[PDB]
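One chain follows as structure tokens, the form deposited in one PDB entry.
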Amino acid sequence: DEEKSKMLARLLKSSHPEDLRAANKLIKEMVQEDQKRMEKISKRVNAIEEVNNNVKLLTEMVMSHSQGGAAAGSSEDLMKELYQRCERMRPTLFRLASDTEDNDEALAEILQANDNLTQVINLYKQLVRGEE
């Protein structure tokens, strides 16, 4: 916000005991707003980083077992556990979109995120755990 970011700089530059008092209440609050934000942002970012990675990893595995590969048991297992974690995440993403009501850009990342999430889940469910 380039607006406050200028009203403050003039309250601080002020010379009256009343502008200081305000710049303070402003700072006090801007600092609060910047705390809630970052926290929101990290929650989403971290979540998405996991999803993307877990997506890629499992995707890789599932594919190694497409005609030859994946130690059937010690590889066939990591997957099973990876998968479940993806399933376990659908919930988190959905609540994430639900809470991301102020930034369609992020919201969209969460949705892209979720498609990929569901896509791989419908590939472990398909080829692999589906055929046999």
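Note that residue numbering follows the sequence shown and begins at 1. The term rigid core refers to the most C-alpha atoms you can superpose between the two forms while keeping them within 1.5 Å.
Trainee: What about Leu96, is it left unmodelled in a third or more of the other PDB entries we looked at?
Mentor: Looking at the other entries that model residues on either side of it, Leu96 is present in every one.
Trainee: At a threshold of one third of the other compared entries, does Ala70 come out as unmodelled?
Mentor: Yes, left without coordinates in at least a third.
Trainee: Would 106-114 or 16-24 have the larger average of its C-alpha temperature factors, as given in the entry?
Mentor: The recorded data point to 16-24.
Trainee: If you average the Cα B factors in the entry, which is higher, 77-85 or 92-100?
Mentor: In the deposited entry, the stretch with the higher C-alpha B-factor mean is 77-85.
Trainee: Per the coordinate record, which of the options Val31, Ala71, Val55, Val45 holds the highest CA temperature factor?
Mentor: Spelled out: the listed residue with the top C-alpha B-factor is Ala71.
The same protein also has a form deposited in another entry, omitted here; what follows describes it.
Trainee: Shifts of 2 Å or more at the CA atom, core superposed, between this form and the one not shown: which of the listed residues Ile27, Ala71, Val45, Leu78 is the one?
Mentor: Going through each option, the one that shifts is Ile27.
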